């Protein structure tokens, strides 16, 4: 009946983006964990101390690590959260009943983990008022980004009520895609990430991931189930929280373990 959902935010965001989905899922009896990834939300590290996508994803992987033996979770990742979900799946495929991508980057096993990032960066090249910066690890320069207010308003939170946008102004922080780290890491494997069930949730009104890109990702790495939500925007957990919850219910009804 019920599942354990692990909700995973995108870059520049935090656990807080799930403030309205989480209690909605709890009403149905589900367990929900919403994590801050490294240097995200109220984690104390700044992004400039995080060197790799692996470090960035550490709170998810140590949560997965600690899951008692036999317990499984449905991972839910928005936007870049998709990447994290694949990393987690590649190390802990036995601990995952499914992974849901909601307006999310959905990597494959055939190409470099950067593949869908590189493709996204080519089809959405106008960041508006976003500010870009750099910092260094011992041997690499990493690009950081602080999302611009006008980008957020117009492209992310387009049909979210104004308070969500206000909240995002109050809480978003400097993040990174770790694109170059992604381009040089080992591909995700068929036995890890390639063995889990994948559900892909999207809307064609997303003003950041346009429909030909999302259609492209679906075709590139065919998921087990696709759900297209009408209207809304990039932040479906904000703009269409109830519908998203109803889809997550059905995903739990399919993939969650049954109890004796």
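Residue numbers count along the first chain shown, from 1.
A.B. asks: Would you determine, from the values in the PDB entry, which of 195-203 and 62-70 has the greater average C-alpha temperature factor?
C.D. replies: Taking the mean B-factor of the alpha carbons in each, 62-70 is higher.
A.B. asks: Of the two stretches 123-131 and 159-167, which shows the higher Cα B-factor on average in the entry?
C.D. replies: Mean C-alpha B-factor is greater for 123-131.
A.B. asks: Between 54, 43, 26, 48, where does the Cα B-factor run highest in the record?
C.D. replies: Of the candidates given, the C-alpha B-factor peaks at 54.
A.B. asks: From the list 137, 176, 84, 172, select the residue with the highest C-alpha B factor recorded in the entry.
C.D. replies: The listed residue with the largest C-alpha B-factor is 137.
A.B. asks: Among the chain's modelled residues, which third holds the C-alpha B-factor of residue 7?
C.D. replies: Lowest third of the chain for residue 7's C-alpha B-factor.
A.B. asks: In terms of the chain's CA B-factor thirds, is residue 222 lowest, middle or highest?
C.D. replies: Within its chain, residue 222 is a highest-third residue by C-alpha B-factor, going by the deposited values.
A.B. asks: How does the C-alpha B factor of residue 108 compare with the rest of the chain: lowest, middle or highest third?
C.D. replies: Answer is middle: the recorded C-alpha B-factor places it there.
A.B. asks: Lowest, middle or highest third: where is residue 100 by Cα B-factor in its chain?
C.D. replies: Answer is lowest: the recorded C-alpha B-factor places it there.
A.B. asks: Sorting by Cα B-factor within the chain, modelled residues only, which third would residue 90 end up in: lowest, middle or highest?
C.D. replies: Its C-alpha B-factor, which the entry lists for residue 90, ranks in the highest third among residues of this chain.
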